[PDB]
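Read through the structure below, which is laid out as structure tokens, and then see the notes.
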Amino acid sequence: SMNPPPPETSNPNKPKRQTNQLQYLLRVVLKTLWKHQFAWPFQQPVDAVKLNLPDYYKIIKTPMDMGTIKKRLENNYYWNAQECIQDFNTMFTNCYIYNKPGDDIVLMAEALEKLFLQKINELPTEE
Ligand SMILES: CCc1c(C(=O)n2ccc3ccc(S(=O)(=O)NC)cc32)[nH]c(C)c1C(C)=O
Ligand code: NI
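Taking PDB author numbering, the leading residue of the sequence shown gets 42, the next gets one more, and so forth.
Here's what the structure looks like:
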């Protein structure tokens, strides 16, 4: 069994910019989630080899994780907040699709998503 290459965090051909909203997403949203007690399972891509989950990348075809997101933010990879938010949302949805309701990983994702949504609710208006 084999892990795919992680999602790209650099691409010179991709259009990108810095925006106060993206700055907020790194400085407030990502930092708050990263430090959370339940962050660790989401801080790097799922290692399906180590975890013996040969089915994972056969069903999750758009994997995403906060390590990848943190890197994209730090490299100013995104064009807008909406792209970054989509990545977070893909991360959560993937978790809910693959795992059973009530699994620890799901409970952990739900807690993080609740905090995520609280912070997104106060996304500053774009300057
Ligand atoms: C349930 C597996 C999983 C994790 C996960 O990372 N883990 C959950 C238990 C667990 C134990 C050790 C290690 S580890 O040894 O690889 N250390 C980081 C990782 C672990 N994250 C996500 C998003 C998922 C799924 C399938 O949704
Ligand atoms: Ni726009």
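The beta-carbon is built from N, C-alpha and C at its ideal position, and this holds for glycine as well.
Query                                                                                                           : Result
Other residues of its chain near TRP120: CB distance less than 7 Å, five sequence neighbours each side excluded : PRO56, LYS57, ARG58
Rounded straight-line distance, which links the Cα of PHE133 to that of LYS155                                  : 11 Å
Span separating the alpha-carbon of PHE157 from that of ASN116                                                  : 21 Å
Nearest residue (CA-CA) to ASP106, options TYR137, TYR118, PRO47                                                : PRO47
Cβ shell of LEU71 (< 8 Å), same chain only, five flanking positions each side left out                          : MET107, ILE110, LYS111, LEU114
Any non-hydrogen atom of ligand 1 closer than 7 Å to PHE83 Cβ                                                   : yes
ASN135 classed as buried or exposed, judged by whether at least 16 other C-beta atoms fall within 10 angstroms  : buried
Of the residues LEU74, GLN85, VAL69, the one placed nearest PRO104, counting alpha carbons only                 : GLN85
C-beta atoms of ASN61 and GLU167 nearer than 8 Å                                                                : yes
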